[PDB]
Amino acid sequence: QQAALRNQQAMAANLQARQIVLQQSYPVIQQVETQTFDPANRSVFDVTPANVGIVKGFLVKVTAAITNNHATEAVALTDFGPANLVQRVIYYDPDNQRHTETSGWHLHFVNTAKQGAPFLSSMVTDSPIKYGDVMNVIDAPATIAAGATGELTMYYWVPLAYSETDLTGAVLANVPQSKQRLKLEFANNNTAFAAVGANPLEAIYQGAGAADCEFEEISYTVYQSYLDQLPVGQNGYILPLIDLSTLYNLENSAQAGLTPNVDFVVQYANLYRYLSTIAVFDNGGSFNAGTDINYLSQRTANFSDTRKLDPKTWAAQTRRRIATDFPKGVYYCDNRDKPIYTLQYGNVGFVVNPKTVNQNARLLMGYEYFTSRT
Amino acid sequence: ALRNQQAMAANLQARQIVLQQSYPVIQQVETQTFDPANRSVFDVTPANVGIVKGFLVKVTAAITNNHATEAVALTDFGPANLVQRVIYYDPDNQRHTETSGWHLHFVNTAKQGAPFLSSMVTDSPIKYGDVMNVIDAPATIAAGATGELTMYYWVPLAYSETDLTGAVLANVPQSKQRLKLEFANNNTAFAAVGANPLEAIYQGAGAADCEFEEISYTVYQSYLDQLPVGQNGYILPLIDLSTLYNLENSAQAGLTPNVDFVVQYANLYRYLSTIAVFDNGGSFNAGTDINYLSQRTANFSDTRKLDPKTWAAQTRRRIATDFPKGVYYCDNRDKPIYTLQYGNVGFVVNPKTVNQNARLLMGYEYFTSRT
Amino acid sequence: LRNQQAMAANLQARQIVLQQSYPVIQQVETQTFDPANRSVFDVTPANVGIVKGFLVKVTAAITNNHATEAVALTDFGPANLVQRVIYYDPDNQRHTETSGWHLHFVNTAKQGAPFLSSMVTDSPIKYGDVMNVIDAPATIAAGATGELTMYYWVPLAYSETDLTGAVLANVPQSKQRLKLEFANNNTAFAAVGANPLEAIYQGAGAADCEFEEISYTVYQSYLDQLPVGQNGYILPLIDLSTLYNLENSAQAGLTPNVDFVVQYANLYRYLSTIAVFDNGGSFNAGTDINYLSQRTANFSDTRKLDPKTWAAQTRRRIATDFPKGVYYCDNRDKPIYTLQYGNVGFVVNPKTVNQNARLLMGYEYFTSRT
Amino acid sequence: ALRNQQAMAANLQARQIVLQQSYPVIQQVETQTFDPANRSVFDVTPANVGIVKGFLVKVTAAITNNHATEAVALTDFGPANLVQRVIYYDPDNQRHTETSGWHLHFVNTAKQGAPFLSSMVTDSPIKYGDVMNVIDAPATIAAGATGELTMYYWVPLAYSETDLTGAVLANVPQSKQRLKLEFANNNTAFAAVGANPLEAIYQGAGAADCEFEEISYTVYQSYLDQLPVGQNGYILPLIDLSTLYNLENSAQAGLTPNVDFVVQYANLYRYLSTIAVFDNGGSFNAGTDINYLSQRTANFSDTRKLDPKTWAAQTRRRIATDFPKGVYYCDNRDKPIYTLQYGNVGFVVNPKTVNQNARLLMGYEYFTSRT
């Protein structure tokens, strides 16, 4: 019957231990690996991080030099640009369980959503003191002319723990036996450059000189963030067992079958607690600023929409979250305080009712969620 | 005093339970497209469901400048003047907010901590930016051109997403709420050169030949559904729901150079913020026509007598930028001005220069009990 | 034992004070002068209630009397209108003693954005740089006069809600001292090729630049109407018995590819660290550094990072980068604190070292009066 | 189980007493005439009196075809598309029906057993016939002409005149009901040649120049007054009044030739009827694009897998004629589809031909408890 007291007590014990760990341990961010390579030779890498304490996440620095060898035509950044330097990232913990498995662009948009502004960007102000884009932390030339070489830098934070204060999703890596694995599939000369008229979704640059663009090199450095000198007690190490037994993951998917003026519904799976949802309307390679959509919504089994909104009003809600708009055709939904959980109510779905549908149209979905390891 | 402390504790607990148990919903109530030359006042009827927190009003418009040669340029308030006035009445016909579109917009900005629904400029190479034109208006409309504008206003009932003070319980099937929107028209939106631009959207030598082609609005109602029920029916924050959170504005005149112009906080309201616009006879200056501003108590002592730039500095800490020329803001959120805690209090402006027809347009944000 | 209750009581008292007292910001002094005559002033604040800090407004007019050459803002620009600040409390104990530029950078770090700046947005409503709160012309042409405005917040209390470091002066009687040293005709202008670190403008016309005049207004922020209880005034004894200070220092002896370590002293709880790499008058955007770090003897580096990654952490704190050669480190949640002198150090491993290279350090810290 | 059997017996007895003792009333609630170019959404406020059974909505309209030369002709749904959507909320703000005008109309027909409020043609020499034009619309509107239309919809709360399941008790003075009517406008009512006629009233080469001149509606509320009182106050069928009888519709896509397209009865509702409209990319065919239709249980067994004409034969027994092209009906009134009695059940369509943008518009009639 009742006995649910266990949960209540478990939550309290988990929160208490989390606090003790945060108070007693010390945060460390350490380089684990750096490599420079030619994408023509290789683009997929498997990084083996260190097994020390509780791992919170990885900061991945990526730099690249791209030369546009075309005789006459230039190329220009796509909407995602340097966020496409990493095509896909997948993490496995010591028990070989998969956590995040998503695209670089999705990971980057979530980094932005969680910062509350374009990730690691430099705001512009009227200050006479010379603050500004001094260090080019995330940077890429808007265009690369025929014969020119452009230099790019972009960063991604691959999260395990939900935040610096909420260790839900963190990973205990102390078993010398099995290693963690951070797999990075980088852009290469076949994904980074889109010809005029081709789909720019996964590309960095697009334009009439694309066929002659090539990477001179790509370099990456993985920094691992963790907590060391974990606190001990009578029963050994004090550890938030729920935090460490919960997966905090980002995943993406693709769905097709849209038709003008008809509700296109993407169901949320059960068991997962969805914190945020991103929907990219790849309208056959065209990315529009809401003009190809009637409305978007989140709906429960009951025909009840909780936020059926026209595109600009939907965008207004997002401006309250990241202080600007996501790129054309990218829509965001924050459900952090009340995660979508199909057990709480009936099934739930994310809805897009398109106004215009080009051939090969599809919705690319990105999700942020918590789920029990077991 | 024990009855009160316990009353407040019960209120907060009820608020916390309502927030945890109910689910927020935002849904369209009504949309209409019209020509303000035909009609500019609309009475929108909100849906009677659960606890109502506020309304998000989307307003779009198309304006054409048919002057033969001259352009017009945005005034300092611009699209914020698409709505001239907003008035809300609850199911008991008790009036809450009644103010101008520009004042409501400035409070929306103050509460956001940055220009309302704006897009911040950064060095990011990823193409974030003004993609969706949520609030937008062309800087100028040339002779012969048509410009498109978009504006949003949040009309609050509840103070915030987490503080339900001022919210409205609308579950009485036969008692309707009323949200009255009075829009701009050709007479208010266009100011000739030299005319007062306060209420206008565009001003310039081409003003006489400017006309709206159309205006459209869509009202979205934000509320809480599936209200928690307990051993006495609905668990409700009684103090929250019987308190009014309102915005109102008024005009004060009688300014003279180097003399303290004092606007008494005339009511027994709890004033959360004050906005003072120095409409210096149609001229709006960046502090240069003011010696200092202050808030003062009957005790004749000033709690913040500041030169204009220093006053502006405090505002920059609140909204990360300055309000338009001649607009001054004062935050009293944590310690609301309440004349029953200290002597009467006044908002003070000592002008350096005073043109003909000078006046202070005062905007207030406050809490007051229904009874 | 104890303490748990001492801190619990301190925090309770702080809360009562914040709830019952009323905040006041009041002008205490204004003055206009010509730096050719004087540039050091000792301001006497009012001894009333609990003092939280001072907002210092500085305005200046600079004339470029050169015949044909202009000058342009240095990276610090108007932040160098005040060269140094020192505050002494009623008990003759010093709190902050630092440079104007370091004080300004901490003001920015605490705000989470360039201090008192106006953020640019797409809003059609005319918000923006309307009031020129902190302002200075990018260049002053030969024969021109430029007008500048700068603000500094000299903190005693850590924040509006944390009174640690605040000063009780409603009684003390003995006077407080807020010492301010302003820029002058010898520090404000740097010739081409000269070190621009402490200057406001640099350029070919510098030798003929001069101040027309400088003015300052000091506003004092304090809490009045302090709450009284049984034993008397209800006060957070820990808050009022703790110093929250900013201090600067200079270190030299850098050599290419070798770790240059600046030791943290014991006793102090360091909340933030700023290191400026004055590479012999050249200020570079990380290109002259291999890495920076904070290290514990026998426990290695807790954050050894390349310059751009170090800068990324700072972008999370102030939403932009500090000027060239200026590096920031936030340790607010877990202050650097060693019982032994130098059990922790700030590290810079330089890639390039010019003649007269040095690191100018700036610290924010808490420490007991006793 | 005894508590239930007795609960049902008490309910029926209470229903029977209410029907015998109360007196039925039908009275006008509101009338309005407007131009949908100005406004097309209306929130009607029903009167709070006794037990409410439903609303009869009279809708009239005048449409003018100003094309220079081309006519327009009625679509298959025609005047049933004068109302695009209808939504009802009771005094507790619980939503009941929310569906399209065409779906509501088809259910009105199914429940009547013949085209709703139609006039049957006979050989009688006495002049019975279409005398009053209760539901009427000209077959075509020629270039330069104006046509007049009349349409009626019955919005049900109670299931029928004798079965009060779904009825609403409205005797709470301050809790209002809401009947929202969303009408057609120039954008929805006129379809160009080759465009999808699903939601339109007229389609033809003259469509671009067609305009409504006006639309008028009159809502009549049907209820029971003088409710019987006994030894405990009002004698009321508690199960009837706490059960919702609703209509809803949705769209399903993903059809491919010769493959079973299954629409699962996704909720735990008691589905009384199902309507499936095969909008084959804007084409509506008389069964020729379908191999068979069926209702199937998880057990993979079909209870009625039928070719289109045989499926149509069953419907002819229900409404004495066929529904329009592409509209298929399924009666489950005596044994409602209820997934908790048998495995999940699905409605099946195996298409012979599938055009681009093909979809099934599903309309359901069902009972569900408030809790």
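Chains as they are written, first to last, in the entry's author numbering: chain E, 11 to 384; chain F, 14 to 384; chain D, 15 to 384; chain L, 14 to 384.
The beta-carbon is built from N, C-alpha and C at its ideal position, and this holds for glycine as well.
Tell me which residue opens and which closes the beta strand (DSSP E) that residue i is part of.
{"i": "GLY160/F", "result": "159-169"}
{"i": "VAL232/E", "result": "223-238"}
{"i": "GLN45/L", "result": "36-47"}
{"i": "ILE332/F", "result": "Not the beta strand (DSSP E): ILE332/F falls in the alpha helix (DSSP H), residues 321-332."}
{"i": "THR381/L", "result": "371-382"}
{"i": "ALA74/L", "result": "64-78"}
{"i": "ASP105/F", "result": "Careful: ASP105/F lies outside any beta strand (DSSP E) and carries neither H nor E."}
{"i": "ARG191/D", "result": "191-196"}
Distance, Cα to Cα, residue i vs residue j?
{"i": "residue 413/D", "j": "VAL168/D", "result": "One cannot answer for residue 413/D here, as it falls past the ends of chain D, which runs 15 to 384."}
{"i": "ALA299/E", "j": "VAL120/F", "result": "28 Å"}
{"i": "residue 453/D", "j": "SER132/D", "result": "For residue 453/D there is no data in the structure shown, the boundaries of chain D being 15 and 384."}
{"i": "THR73/L", "j": "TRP324/E", "result": "36 Å"}
{"i": "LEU319/E", "j": "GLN216/F", "result": "34 Å"}
{"i": "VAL181/F", "j": "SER382/F", "result": "13 Å"}
{"i": "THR88/L", "j": "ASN259/L", "result": "27 Å"}
{"i": "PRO241/F", "j": "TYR36/F", "result": "10 Å"}
{"i": "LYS193/F", "j": "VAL232/F", "result": "11 Å"}
{"i": "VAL99/F", "j": "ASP315/E", "result": "27 Å"}
{"i": "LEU95/D", "j": "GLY114/D", "result": "7 Å"}
{"i": "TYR236/F", "j": "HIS118/F", "result": "21 Å"}
{"i": "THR122/E", "j": "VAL134/F", "result": "14 Å"}
{"i": "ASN198/E", "j": "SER263/E", "result": "22 Å"}
{"i": "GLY243/E", "j": "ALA20/D", "result": "26 Å"}
{"i": "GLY160/F", "j": "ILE154/F", "result": "6 Å"}
{"i": "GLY219/L", "j": "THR46/L", "result": "26 Å"}
Answer with buried or exposed for residue i, where buried requires no fewer than 16 other C-beta atoms within 10 angstroms of its C-beta.
{"i": "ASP136/D", "result": "buried"}
{"i": "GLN41/F", "result": "buried"}
{"i": "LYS140/F", "result": "buried"}
{"i": "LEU15/F", "result": "exposed"}
{"i": "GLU212/L", "result": "buried"}
{"i": "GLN234/L", "result": "buried"}
{"i": "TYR166/L", "result": "buried"}
{"i": "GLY91/F", "result": "buried"}
Any beta-carbon of chain B closer than 8 Å to the one on residue i?
{"i": "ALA150/D", "result": "Among the chains of the structure shown, chain B does not appear; the protein chains present are E, F, D and L."}
Provide the residue span of the alpha helix (DSSP H) that contains residue i, from first to last.
{"i": "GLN125/F", "result": "114-125"}
{"i": "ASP253/D", "result": "251-254"}
{"i": "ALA202/F", "result": "199-202"}
Please confirm whether any heavy atom of the ligand PLP lies closer than 7 Å to the CB of residue i.
{"i": "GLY207/F", "result": "The ligand PLP is not part of this structure, which contains no ligands at all."}
Item checked: Selection of the segment 196-217 of chain D by Cβ proximity to chain E, strictly under 9 Å -> Closer than 9 Å at the C-beta level to chain E, one finds no residue of the segment 196-217 of chain D.
Notebook entry, point to check: Going along the chain, which residues of the segment 277-295 of chain F sit with their C-beta nearer than 8 Å to a C-beta in chain E?
Noted result: Answer in chain order: no residues at all.
Notebook entry, point to check: If contact means a Cβ-Cβ distance below 8 Å, which residues of the segment 95-113 of chain F contact chain D?
Noted result: Answer set for the segment 95-113 of chain F: empty.
Check: Any contact of the segment 338-355 of chain L with the segment 292-310 of chain L, i.e. 3+ C-beta pairs under 8 Å?
Finding: Judged by Cβ distances under 8 Å, the segment 338-355 of chain L makes contact with the segment 292-310 of chain L, as three or more pairs qualify.
Margin query: What are the residues in the segment 343-376 of chain F lying within 9 Å of chain E by C-beta distance?
Written below: Those residues of the segment 343-376 of chain F that come within reach of chain E (Cβ to Cβ, closer than 9 Å) do not exist; the list is empty.
Checklist line | Members of the segment 162-192 of chain E that neighbour chain D once the beta carbon cut-off is set at 7 Å | finding: Contact annotation: in the segment 162-192 of chain E, residues whose CB is within less than 7 Å of a CB in chain D are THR163 and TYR165.
Notebook entry, point to check: Quick check: the segment 367-383 of chain F against the segment 280-289 of chain F, are there 3 or more CB pairs under 8 Å?
Noted result: Contact holds: three or more Cβ-Cβ distances are below 8 Å.
Item checked: Residues from the segment 247-278 of chain E in contact with chain L, defined by Cβ distance under 7 Å -> Result list: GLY267, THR269, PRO270, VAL272 and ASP273.
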